[PDB]
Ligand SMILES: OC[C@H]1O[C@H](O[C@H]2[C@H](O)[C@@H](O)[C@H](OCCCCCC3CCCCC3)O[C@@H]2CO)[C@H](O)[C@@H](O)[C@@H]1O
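As structure tokens, one chain now follows by itself in the form solved without the ligand.
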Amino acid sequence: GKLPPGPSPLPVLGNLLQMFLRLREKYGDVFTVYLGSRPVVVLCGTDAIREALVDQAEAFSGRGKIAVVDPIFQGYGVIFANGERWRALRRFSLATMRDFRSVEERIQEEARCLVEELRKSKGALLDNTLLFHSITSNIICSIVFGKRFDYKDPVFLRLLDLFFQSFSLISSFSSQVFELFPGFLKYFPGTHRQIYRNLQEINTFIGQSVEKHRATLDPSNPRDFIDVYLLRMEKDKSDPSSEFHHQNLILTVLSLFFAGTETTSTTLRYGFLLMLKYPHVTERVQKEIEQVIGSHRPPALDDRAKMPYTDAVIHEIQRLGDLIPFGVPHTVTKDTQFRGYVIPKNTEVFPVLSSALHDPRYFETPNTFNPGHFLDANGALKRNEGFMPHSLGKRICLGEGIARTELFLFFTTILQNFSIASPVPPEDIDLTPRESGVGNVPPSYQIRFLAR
């Protein structure tokens, strides 16, 4: 057969001289795009993403490559694995992170520390970027290492700087050009060398933690993901077919930090910029916190079901946020039939999540902040099929539950204790991203946390 429609490519440049959502109106919801010397099928709109990821879930359950980090991951780890490797790691990961209320108690604890830290500034202007990277890194440190770090620790901070520098280098023009031609640019200096060095330095720290965990291991009292994985690693020691080896341990742990920090942190950074721009919304979240939780006890995950306005605001922050606008690349596991077109085995697929989050079928005002998008006539929370910020299908975000608990407990715990102000008036606040790509990031801003 033939691949979906699209612009006619060129020998090596592919469709370079024709550069996803731009091409949609001419070719359609599903089209073929050549990113140099490789073809990609793009899925635009809620229904075409749902058709592929939900209706043909096993076929679209493959994972593609991100050329700038593929030299680190090399198909290992829970995010970038495929086939049996992926199934075994994902199954083990859901099971272990589910075995350790404790993720909620640790998020509550991390929110109590954040309040304590914001209270020391005493209403001073600060850039919350570093503290939001720190609380989301501390939830994973707690899960994978069985402990958290102090916000003023220089070991912790040196690893964050180096790590968050990598996300900025990944979602950049330099790295975007690398994706189009990495078989040629790998031989020259570029951001790929810095991304490589920064993630190798974090892998070295993970490797040290794993040997320290093994050296202090109590097999009858596992305390975290690494301990559990080391016990599965000694169980499967005899089987050479086992996926539970050292290379998958380091790159699974890296995968959880790579995925579990940047995006949640930015969601919180973006949310506080919207709460600065729309104080009537922040005031209303505080009114709802005051009625359900009050001012003495801290927020708990059970409070969310009784706080639909706050819950709707958080949905709208993720929707308008649109942090992963093209999704994480997929691949077809076989030669698939899709809308009359034939997608050959191993072809890369891009579920353009942004086109679902801004779909005018499901959102009255797609480009405007409207918490009413998730509230019905009775003031109750309603969800629609356009809301897919964590994607869907078999590759659906493994930390969806963690991420959603973090946003609830950090937004409400901060707002119960603090009000916010900025030198920029609400009407002059801009929400333009700082660096687009695999991970959206908004512009840096200043904010005061005023104790109540």
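Each residue number is its position in the shown sequence, starting from 1.
Although not depicted, the form solved in complex with the ligand is the subject of the following passage.
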- Tell me which of 334-342, 109-117, 158-166, 284-292 has residues with heavy atoms within 4.5 angstroms of the ligand in the entry with it bound? 158-166
- Message: By the heavy atom within 4.5 Å rule, which residue out of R361, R197, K212, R297 makes contact with the ligand in the entry with it bound?
- Response: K212
- Task: Counting non-hydrogen atoms within 4.5 angstroms of the ligand in the entry with it bound, say which of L276, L320, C141, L131 makes the cut.
- Result: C141
- Query: Is the ligand in the entry with it bound near all of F149, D153 and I202, within 4.5 Å of a heavy atom of each?
  - Reply: yes
- With a 4.5 Å heavy atom cut-off, would you call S137 a contact of the ligand in the entry with it bound? yes
- Proximity of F257 to the ligand in the entry with it bound, heavy atoms at 4.5 Å: yes
